[PDB]
Every structure is written in C-alpha cells, then in structure tokens.
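Data block below; observations after.
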Amino acid sequence: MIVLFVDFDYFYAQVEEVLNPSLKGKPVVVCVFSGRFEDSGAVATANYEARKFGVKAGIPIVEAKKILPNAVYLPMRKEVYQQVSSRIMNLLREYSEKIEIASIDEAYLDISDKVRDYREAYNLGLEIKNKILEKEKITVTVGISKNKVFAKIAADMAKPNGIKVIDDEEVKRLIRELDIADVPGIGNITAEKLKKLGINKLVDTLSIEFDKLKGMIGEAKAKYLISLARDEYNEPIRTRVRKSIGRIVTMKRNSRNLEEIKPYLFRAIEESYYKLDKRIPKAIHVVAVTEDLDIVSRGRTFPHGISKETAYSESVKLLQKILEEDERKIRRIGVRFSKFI
DNA sequence: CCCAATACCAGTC
DNA sequence: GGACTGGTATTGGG
Ligand SMILES: [Ca+2]
Ligand SMILES: [Ca+2]
C-alpha cells in the first residue's frame, strides 16, 4: 500500500497570516478566550516563530504572555479556518478516490492505484503541495509510507513546509529507534504510564508481558503499539463519518441555579442544531464542567430522532439530573448529539 | 456472545 | 478542558 498524508502547517495561525499579510514574520498566537476575566483561556495554536519561544497549543493565554508579551494574539475564528480547510480537501479529492479526512487539517490518501512506486509518489506529493500553495497560499507537509501510521510519522518528521518518504528499509529502522511518545494516539497520559515500565520504544512493547501492558494502558492501545512494533499495522483509508456534534459554552459567572444556566445550555442547543445539517440524532448528552474543571454529564437515547424543541426540554431534565448528583457549581455548560439516523 | 447505553478519560487544533 | 471529537471502562439487558 502507498499512503500519502497531508498536514497543513500551523494551520490556524497560517490562515490568519494569509488573510492579514501584516502579520508575516511576526510571532502569532491564536487563542480561545473564555470571556471570564481578561486573558482567561488557552492557546489553540501558534506559528513557528512563536513556538521557538515555547508558546504552544494547550497552555493558558496568561502563561503565553509570560514569554511573548509582544506576540500578536488573535481570537480563534474556527468557521474561517473551516472554509479554507474544506476547499483544500476538495483539491486533495482530485488526486484520489480513497481519501480519509482525519481532522480539520490532515488527510490520508491511498494512491496505490495512482502511482507505481515511492518515487512517483514523491512527485505527486510535490504536485499537491504546489496546487495547495497556488490556490490557497497555504503551505503543507507531506508524508509517504506503507500505512497511515508511518505516513503521518513521515510528516511529523518533515514539518513544516516539507515532504518525506519512509521506505521499507527505514520502517524496520524506525520500529527500533524511535521514542514511543511520538506515536500517534499516544499523549502525555499514555506516554507517562509507559515511561515507568521501562517501555520507552515501540520495540519494548514486545518484551513485556502482554497482560501487564494491557492492564497498564488498556486492550486497545496495547494491541495497537504491538501491531506497530511487529510491523503488521493494517488499517485501510476509509471515509470518516462524524459521529457527534456539540457545543459547550463558558458562562459569565459560575452557578448551580437552573435559571441562569439557560440559554446556553439553550444557546448550545441552537448552535449545535445549525451544525447538525438536517442530520437527526437519537441521543443527547448534556455536558457540564464544574468549578475545579471536572467533567460531569447525563444523557438519553430515544428510539427515534430528536426534534429541536424536544432537545430543549430533555436537556433541562438532563440538566436537573446533574444538578442534584453534584453539589458544586457550573463553570461551563453544553450539549452533545449523537446516534444519527 | 454481543451489544447498547451510560459516564468519565484522552488526544488534537 | 479552551473547545472539540473520539476512546474507554463499567453496567443493564436480550
Ligand atoms: Ca495535524
Ligand atoms: Ca497542523
């Protein structure tokens, strides 16, 4: 199999830079502002000038400003980044039938039918980078390899504005010499628990008692890392199909009183429904974040689709349920729809 | 046997 | 989490 992975570089920041040419060469930090005290919020993404000084995705805005007091800080404009992204995914589609959109800024393509070898794939990758650059002024990184997992790794190695092939010889090599925390689907929490068993490389997952690795990171990530280590990871590129749609808003001030919490809850419902796109969900979960940032939720599944009005009344009852099984106050309230018809 | 339905948990931008 | 979306570990039945 020949897999071509496409990953847009510092995407949210780069779109901001393309729309606003007076930001290029400056450190740029795209932020999600919570609207509570000023500068309350996290960093969604920052460009590569800003990453050099340690401003990265996930850190609080106030923390970022402890490093780059004079970076440009911009409100996340998700809907804008989504238009651009959609247009770029359409470009990719002219290159292959078999395409898997993995997120707002990555797609895997199966080009086995379109090319005969890795050298032809490289030449297609370049074709793609230039198409995207010409039509959208967006730089991307490309990875090419035997499967999805290693196509992505190849991209994580060549970013930004890069392209890399990991051939059959380097795959064996990489299975030996490559930190396990650079393995897609392995974050701090998993890269942590594995760091205390000695397991520091993929290959290490083969010397440990299975049941122990299992009893350590679950039967999913074990079989996953093992299959990667045996070099027998075989997942096909398939169309991804959104399985849920939701909205979770931060409220002005905390609360534990049902009356202020709507709208948004109610705003969250109306916003989600416009994102539903005449998709009809059969399940609904009301989602609450308390004071200490812990997540509590209650849900219900109907034998039929949920109308917009039904969502309203059923979420209040789901809201009330939460209210009297957790005494603490609500910082953020939202809703989540799933099991579509 | 699933698996469905129910939540709390993990990776990503 | 921000704010999303999947994953994931219980459970309750057929
Ligand atoms: Ca990406
Ligand atoms: Ca990116």
Side-chain angles (χ1 to χ4, degrees), chain A residues 7-16 29-37 39-47 51 55-64 73-82 84-85 101-106 152 156 159 181-194 214-224 240-251 264 268 271-272 275 281-303 318 321-322 325-326 330-331 333-339:
Chain A
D7 192 311
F8 320 157
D9 304 318
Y10 63 107
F11 191 51
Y12 295 172
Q14 187 180 356
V15 169
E16 290 294 357
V29 184
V30 182
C31 304
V32 198
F33 289 100
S34 65
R36 309 220 123 176
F37 44 106
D39 296 316
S40 60
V43 168
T45 189
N47 60 9
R51 285 181 198 177
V55 184
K56 65 174 167 182
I59 78 179
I61 312 177
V62 178
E63 216 88 50
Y73 289 84
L74 304 168
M76 207 216 256
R77 291 190 294 181
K78 181 74 173 292
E79 337 73 39
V80 167
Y81 317 137
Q82 176 63 64
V84 176
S85 167
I101 303 174
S103 76
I104 193 159
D105 74 344
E106 354 176 281
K152 177 156 192 170
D156 296 333
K159 61 187 45 202
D182 284 343
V183 179
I186 307 296
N188 283 227
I189 305 179
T190 288
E192 182 66 46
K193 304 160 186 175
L194 288 182
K214 177 184 180 177
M216 184 44 59
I217 58 179
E219 182 180 5
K221 286 180 179 54
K223 303 195 158 181
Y224 170 67
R240 269 192 217 202
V241 193
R242 190 162 302 280
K243 283 182 182 45
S244 66
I245 283 177
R247 177 59 176 163
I248 172 99
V249 316
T250 285
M251 281 173 313
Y264 55 87
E271 236 245 356
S272 307
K275 296 202 283 202
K282 291 191 294 298
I284 169 163
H285 301 264
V286 171
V287 187
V289 189
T290 60
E291 315 173 7
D292 60 90
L293 301 191
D294 219 67
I295 323 85
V296 188
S297 63
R298 299 290 178 278
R300 180 170 174 186
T301 297
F302 300 85
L318 289 172
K321 186 179 271 174
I322 305 184
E325 300 191 65
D326 244 37
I330 306 187
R331 171 178 183 85
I333 192 64
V335 72
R336 205 139 163 54
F337 290 101
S338 60
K339 289 170 176 160

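A, B, ... follow the sequence lines: proteins, then strands. Residue 1 opens every chain. Side-chain atoms are counted along with the backbone in the values below, which use heavy atoms only and exclude waters and symmetry mates.
Looking at which nucleotide of DNA chain C each of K243(A) and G218(A) is closest to, the 5′-most match is held by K243(A). Residues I245(A) and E219(A) each lie close to DNA chain C; by heavy-atom proximity, the contact nearer the 5' end of the strand is made by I245(A).
Counting only distance, with no hydrogens or angles, the side chain of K243(A) and the backbone of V241(A) share a donor-acceptor pair below 3.5 Å. Within the 3.5 Å criterion, the main-chain N or O of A268(A) finds a donor-acceptor partner in the side chain of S272(A). A donor-acceptor pair is defined here as one N or O able to donate and one able to accept, closer than 3.5 Å; such a pair exists between the side chain of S40(A) and the backbone of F37(A). A donor-acceptor pair under 3.5 Å is formed between the side chain of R36(A) and the backbone N or O of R331(A).
Looking only at atom types and distance, the side chain of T190(A) has no donor-acceptor partner in the side chain of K221(A) under 3.5 Å away. Between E16(A) and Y81(A), the side chains place a donor N or O and an acceptor N or O closer than 3.5 Å (distance only, hydrogens not considered).
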In dot-bracket notation, what is the pairing pattern of DNA chain C, taking Watson-Crick (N1-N3 plus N6-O4 or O6-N4) and G-U wobble (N1-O2 and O6-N3) contacts under 3.5 Å, with [ ] crossing and | for other strands?
.||||||||.||||
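Within a 6.0 Å radius of NZ in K275(A), other residues, nucleotides and ligands contribute more than 12 heavy atoms. Counting heavy atoms of neighbouring residues, nucleotides and ligands inside a 6.0 Å radius, atom CG of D326(A) exceeds 12 of them.
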Letter per nucleotide, 5' to 3', of nucleotides 3-13 of chain B [B base touched, S only sugar-phosphate touched, - untouched; heavy atoms, 4.0 Å]:
--BSSS-SSSB
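To the nearest angstrom, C1' of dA3(C) lies 8 Å from CZ of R247(A). One can place CD1 of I330(A) at 16 Å from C1' of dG1(C), the figure rounded to the nearest angstrom.
At the heavy-atom level, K275(A) lies under 4.0 Å from the strands shown only through sugar-phosphate atoms. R336(A) comes within 4.0 angstrom of a nucleotide base, judged by non-hydrogen atoms across all strands.
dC8(B) and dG1(C) are spaced 13 Å apart, taking the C1' atom of each and rounding to whole Å.
The side-chain hydrogen bond (donor to acceptor under 3.5 Å, both in side chains) test with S244(A) is passed by exactly one of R336(A), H285(A), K339(A): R336(A).
Going by the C1'-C2'-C3'-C4' torsion, the sugar of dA7(B) sits on the north side, since that angle is positive.
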